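Chemist: If you count the sequence shown from 1, you need to add 3 to reach PDB author numbering.
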Amino acid sequence: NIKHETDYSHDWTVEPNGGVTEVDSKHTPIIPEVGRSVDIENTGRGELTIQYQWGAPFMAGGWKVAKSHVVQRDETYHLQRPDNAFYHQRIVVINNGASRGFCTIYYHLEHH
């Protein structure tokens, strides 16, 4: 009795020499919420960093890093969301290298 479920994906570019691309975001300023996990497939020639970031109410003190991981070319990596709830959160992909960055993000949706 296998069932098909639908998730989302999206392709992204990340500029070289410090580009940052936002690939997910959530703002829940009244009641905080747990976020969403993703997988990243690096489809470019150089490495990328993926980070899970959070912010306090009013973004006081700017974004903070909860998780970070480096993904090499052709690899796919699962970024599990933190177990705690946030007022602001996002996932970014950062390209600190000289090669243009490319990736596909697979978003793990909520299923019941």
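The beta-carbon is built from N, C-alpha and C at its ideal position, and this holds for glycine as well.
Does the Cβ of residue 116 have 16 or more other Cβ atoms within 10 Å, making it buried, or fewer, making it exposed?
Modeler: Examination of residue 116 is not possible in this model, given that the chain is present from 4 through 115 alone.
Chemist: For a minimum of 3 consecutive residues, which ranges assigned as the beta strand (DSSP E) are wholly contained in the segment 10 to 73?
Modeler: 11 to 17, 22 to 30, 41 to 45 and 51 to 58
Chemist: With DSSP run on the structure shown, which of helix, strand or coil describes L112?
Modeler: coil
Chemist: Determine the DSSP secondary structure at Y90, reduced to helix, strand or coil.
Modeler: coil
Chemist: Pick from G100, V96, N87 and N98: whose alpha carbon is nearest that of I34?
Modeler: Ranking the options by Cα distance to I34, first place goes to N87.
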